[PDB]
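See structure below.
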Amino acid sequence: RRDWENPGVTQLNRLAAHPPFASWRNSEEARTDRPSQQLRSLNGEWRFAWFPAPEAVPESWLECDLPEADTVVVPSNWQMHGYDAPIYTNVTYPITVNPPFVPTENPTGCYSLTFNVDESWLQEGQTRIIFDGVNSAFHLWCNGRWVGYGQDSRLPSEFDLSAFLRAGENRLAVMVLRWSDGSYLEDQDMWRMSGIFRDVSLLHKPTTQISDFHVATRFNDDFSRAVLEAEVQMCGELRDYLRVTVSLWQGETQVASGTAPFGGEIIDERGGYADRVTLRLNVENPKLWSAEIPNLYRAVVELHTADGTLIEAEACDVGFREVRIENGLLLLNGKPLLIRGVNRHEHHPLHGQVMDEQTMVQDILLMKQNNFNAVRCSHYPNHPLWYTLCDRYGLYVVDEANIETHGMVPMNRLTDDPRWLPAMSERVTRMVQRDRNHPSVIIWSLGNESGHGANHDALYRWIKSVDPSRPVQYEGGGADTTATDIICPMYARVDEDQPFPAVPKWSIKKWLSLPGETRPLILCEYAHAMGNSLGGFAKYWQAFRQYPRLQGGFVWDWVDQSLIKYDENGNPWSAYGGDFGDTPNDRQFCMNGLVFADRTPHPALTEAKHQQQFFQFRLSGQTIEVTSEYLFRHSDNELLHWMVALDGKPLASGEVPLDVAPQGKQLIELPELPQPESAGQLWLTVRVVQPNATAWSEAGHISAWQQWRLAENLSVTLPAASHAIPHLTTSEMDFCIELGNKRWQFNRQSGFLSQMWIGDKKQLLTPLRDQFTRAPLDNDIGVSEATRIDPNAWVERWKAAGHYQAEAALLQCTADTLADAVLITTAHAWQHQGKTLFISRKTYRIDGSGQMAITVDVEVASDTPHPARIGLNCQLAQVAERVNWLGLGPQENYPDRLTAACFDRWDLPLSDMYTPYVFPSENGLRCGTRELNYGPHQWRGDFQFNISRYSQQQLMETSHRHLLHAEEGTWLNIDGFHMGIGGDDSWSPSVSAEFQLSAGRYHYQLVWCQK
Amino acid sequence: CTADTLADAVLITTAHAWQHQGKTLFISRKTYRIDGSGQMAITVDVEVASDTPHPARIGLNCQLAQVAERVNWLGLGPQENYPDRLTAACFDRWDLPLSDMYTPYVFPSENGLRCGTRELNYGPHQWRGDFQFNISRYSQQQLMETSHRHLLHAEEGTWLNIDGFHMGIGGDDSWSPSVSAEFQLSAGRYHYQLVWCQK
């Protein structure tokens, strides 16, 4: 029999799902969550062998381990050890589509563990083994005797070893298969790997047990009285002296308690359950749970006797909150939620898909510090410690079933087939049976990207039947199906519509206004941050804040899924799909996160932080309206620090303590602000600072900020008459301008500034030319490769029009001396295959004071695709350690993503000016720049600059950041106009028309001097 | 205000600033290049303060001494259009009588603007570039003072207003500011070029 090739068999001799059990024998040890000695961890050094097929495994492995097998640590994935190549694929299945049959070449991992069991465990009670996760299917042997079979990969599999274990030395043998019929339900967009990637534990229970318990909370309209209903299910012999005690604790203080004997209410004509008992505990003025204030209680269920002798104890964490939907609005504790969620994949920086507590805690801290209040367990149930840490730290959790058949054509082939109805149920129901006691979990999810079938509807309303306390959602079928209470499309745009046949993604504002539609909209996936991305996030959050039924969404996604490889010298470097020999692969589409693999923040994280602030600011006159977006907490750990700056020079500042009610308004009256008579723009900047240290933040954390323009003083002063005039000399090929120390040289053949001299030091390695092309971004490329070309992609439209190939032709290059200046007029045109795309007309005025003023007028054809860039390009010959600039910063910003950057004077190291994206592209641009100082050079005007050690040509050719080599000098790109980056999705043109260079005529002025 | 002769042109550089009660609102910097072929090229750079209200207009103003019967223009038309109301006008070559260039609103105001104009011919004069022009017999000062269209009197010559940038007119209501932010002159720095010649 081949159980891995049959969807009707998903388990053999596997125990029922339940909430996590520690099997305490002391109620005080359960209350404080002390470790239980009845639970043993089998994590550690296991013996491992690899085989190309399960049939190649010798049967002598069932008796003793092979001498040729290696020692590995469990949990791990054997693709991170050299036994296989991890396979990255987005939509296409990594195997031949032929359900439910897998290829004969099925990689097999044979794990073995030799251990000992105490004799007290064997005399009484039941001993079970728990596998928290095995990818994908596995067969279990205990002492050479077959125990059972498991198929699911993200839910624990539990087997009874009481009749298998022996005193002394015991050997457990697990045969794990890479591919199974369940892998057809596991088409998630991640790295496909395999192995025992989660914890292995051994649990000992008494003869009579606490088999299950369900804890629910019911409230009134005011949330001042609460009823905790705890229903307890036992296994074993029914005895009249058995009693249960349900105790609720806040810290060390008992709040409520209840003791009843076994026996339930009459339900049917035959009676009720004799092995179940329900307890109703009344709580007066409970402390409600939320993402703002995570108030937690400890619920201890003690199965004992009438004498008071404790048999067993099970403890859990209970949060008094109630999540429901009324009037098309999702309410938690009676208040409409605004979801600031993010999609999270379980990707360890070093160990692949093996998750520990440290990475969970770090990820939670960076999400909470960046104003994220929710998280999506995508696309599978997570590690049960993740949920507990979410309850402790206060994050909303959307628990999603491990179902995805994105590679099926059509996508609902398996979900409409009743033959796959059992197996899918085993991936849904058990999940609920594991996670219905966590208050962090507020929304159940059927899965992702599986079309719409009747199995989805059946499992959906099954969850509605068993657990009415949580709303449940599903994307497939167009996000309007009967299988969702919450509208959750992926990558739907704010204003424009994209009507695909029979699954149209209408705009969210239009979607809410459709005839007969009532449900709230929370985006399951939006704002694809794949590389240099996340443009239009301000539009998304403006729509969220303006519309009551637009309640936020989940950003895709948190962390890049890149794997560490090593070069010839052993230096580590991040790698993506296709770097391990896996073919076919979706090349860099595994990196969509807001942080790097080592949890280094991207510049997009600052924009996400600014757009998700819980404090909104409105400057009117000289007063500030501060509006809270907290729903349950008072502003008790926040103060407003304001400052006024004249062109980056501070003038006045102050600190005001914030006292704002939840979703309330506060007025702050600033003192008499300075009124300078010096030229420049006055900027008012406010920041919200937390003085005390929270469990997730440190003392002085900035949670919100805002900037406005105050009164402006335009400069009307005139420069003094420079005593020296520039000498202009005309050669047969060059124009040479002297000002004593400073010498400019223009080449009359190319028409560009050939060379600059200060003393005898050359300053330009390449001439100052025009640039209308950038290194293509991940949003620009989309899903277009060399083999398959997408004509809608921006990079393909640019290279089809010859933007990367067009050659500059010199139309005019004249020079003439003025009274106190030398005037250089140039005029070029860029042509490709006889078609003129761009025409540049520049005027260089060299004054006697030393400044060189460049006026640039660019004509752009309307029929050619809109250029990504209009500016200048040169390579300086000097590498300076510091870069100074008066402008927006200090992070990377773009025309469609700049609301987070503040206008000030920023000084940064040169290496900080380059964003180390794994896939090289355009990066490091700083918008709104009024002044730029680098070495001896100073540039003034209004421009967007990026300064780096890598040319745009090198950034275009190179596919990995570790292959980049620093070039001689420093590459500078000053641009009059720059095009937005997009970010609605990464397979369609996402740049809005307001951020496209579509005017046709552009003008910009620069001043180049030596400070 | 400086002037200097070039190899084959005469270059005139001017720079002004508009001030009210010691506060500078606008700064205009113009360059007049007079070529030997006859064309006069005007480049205008305007700096606008951010704290002052956004101006309704950024352009040039003059009064010609000649009243011609016909006005020709290559641009959007042939009707009156504005930056926020121009989707109906088509781009073509339109020839219209001068009296047709004035919209006879009962309450006098700004009227007769033609957007997207690439060429404008009036009498012997030709203007080229990208601009929004309105040509009439009534000054803007007269249109501001006068409250009824029948009290308007034709002035000597012809008043011409060529504007690099123009602000939208609104129309959502008539008791609140209805002009959208995309049609407001709020950038701060503006640039436009004109060519004045005799056809």
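As they're listed, the protein sequences go chains A and D.
First residue of the first sequence: 13, per the deposited numbering; consecutive thereafter.
First residue of the second sequence: 825, per the deposited numbering; consecutive thereafter.
Using N, Cα and C, we set each Cβ at its ideal position, and we do this for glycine too.
Of all alpha-carbon atoms in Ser519(A), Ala242(A), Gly320(A), the one lying nearest the alpha-carbon of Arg288(A) is that of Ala242(A). Around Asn753(A), the same chain offers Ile770, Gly771 as residues with beta carbons nearer than 7 Å, after the five sequence neighbours per side are excluded. The C-beta of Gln135(A) has fewer than 16 other C-beta atoms within 10 Å across all chains shown, which makes the residue exposed. DSSP places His468(A) inside the alpha helix (DSSP H), whose first and last residues are 466-478.
Within the stretch 844-859 of chain D, the residues whose Cβ lies closer than 7 Å to some Cβ of chain A are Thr848, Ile851, listed in chain order. The contact set of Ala873(D) on chain A, defined by CB atoms closer than 9 Å, consists of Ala723, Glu724, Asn725, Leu726 in chain order.
Around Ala616(A), the same chain offers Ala541, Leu546, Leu606 as residues with beta carbons nearer than 6 Å, after the five sequence neighbours per side are excluded. The three-state secondary structure of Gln757(A), taken from DSSP, is strand. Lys621(A) counts as buried, since at least 16 other C-beta atoms from the protein chains shown sit within 10 angstroms of its C-beta.
Taking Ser124(A) as reference, the option from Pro948(A), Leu167(A), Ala185(A) with the minimal CA-CA separation is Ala185(A). Across the structure, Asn958(A) and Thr941(A) are spaced so that their CA atoms are roughly 10 Å apart.
According to the DSSP secondary-structure assignment, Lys774(A) is paired through a beta bridge with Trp769(A). Chain A has a Cβ within less than 7 Å of the Cβ of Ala841(D). Straight-line measurement puts the Cα of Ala865(D) at about 5 Å from the Cα of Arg857(D).
Taking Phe784(A) as reference, the option from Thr970(A), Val868(A), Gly419(A), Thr126(A) with the minimal CA-CA separation is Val868(A). Interface annotation for the stretch 827-838 of chain A against chain D: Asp828, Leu830, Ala831, criterion Cβ-Cβ distance under 7 Å. Excluding residues up to 5 positions away in sequence, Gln887, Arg961, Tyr962, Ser963, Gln966 lie with their Cβ nearer than 8 Å to the Cβ of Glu979(A) in the same chain. Sequence-distant partners of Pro686(A) (beyond 5 residues in either direction) whose C-beta falls short of 7 Å from its own C-beta, in its chain, are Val656, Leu663, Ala664. Look at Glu131(A) here: in three-state DSSP terms it is helix. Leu652(A) counts as buried, since at least 16 other C-beta atoms from the protein chains shown sit within 10 angstroms of its C-beta. Separation of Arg46(A) and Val239(A) (C-alpha to C-alpha, rounded to the nearest whole angstrom) is 27 Å. When DSSP states are grouped into helix, strand and coil, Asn791(A) belongs to the helix group. DSSP, reduced to helix, strand and coil, places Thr400(A) within a helical segment of the structure shown. The C-beta of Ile851(D) has 16 or more other C-beta atoms within 10 Å across all chains shown, which makes the residue buried. By the C-beta criterion, the stretch 556-574 of chain A is judged to be in contact with the stretch 348-364 of chain A, since at least 3 inter-stretch pairs fall below 8 Å.
Linking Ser169(A) to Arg59(A) through their CA atoms gives a straight-line distance of about 21 Å. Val728(A) and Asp875(A) have their C-alpha atoms roughly 41 Å apart. A distance of 7 Å or more separates the beta carbons of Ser192(A) and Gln138(A). Counting only runs of 3 or more residues that sit fully inside the stretch 102-154 of chain A, the beta strand (DSSP E) segments are 120-129, 138-143, 149-154, in chain order. Only exposed fits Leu730(A), as fewer than 16 other CB atoms lie within 10 angstroms of its CB. Residues of the stretch 548-580 of chain A with a C-beta atom less than 8 Å from some C-beta of chain D do not occur. By alpha-carbon distance to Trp806(A), the top candidate from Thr911(A), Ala912(A), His840(A), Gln1008(A) is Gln1008(A). In terms of Cα proximity to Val698(A), the closest of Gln625(A), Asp447(A), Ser709(A) is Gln625(A). When CB distances to chain D are screened at a threshold of 7 Å, the residues of the stretch 992-1015 of chain A falling below it are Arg1013, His1015, in chain order. Using a C-beta cut-off of 8 Å, the stretch 307-327 of chain A makes no contact with the stretch 275-282 of chain A, since fewer than three inter-stretch Cβ pairs fall below that distance.
When C-beta atoms of the stretch 154-166 of chain A are compared with those of the stretch 255-275 of chain A, fewer than three pairs fall below 8 Å, so the two segments do not count as touching.
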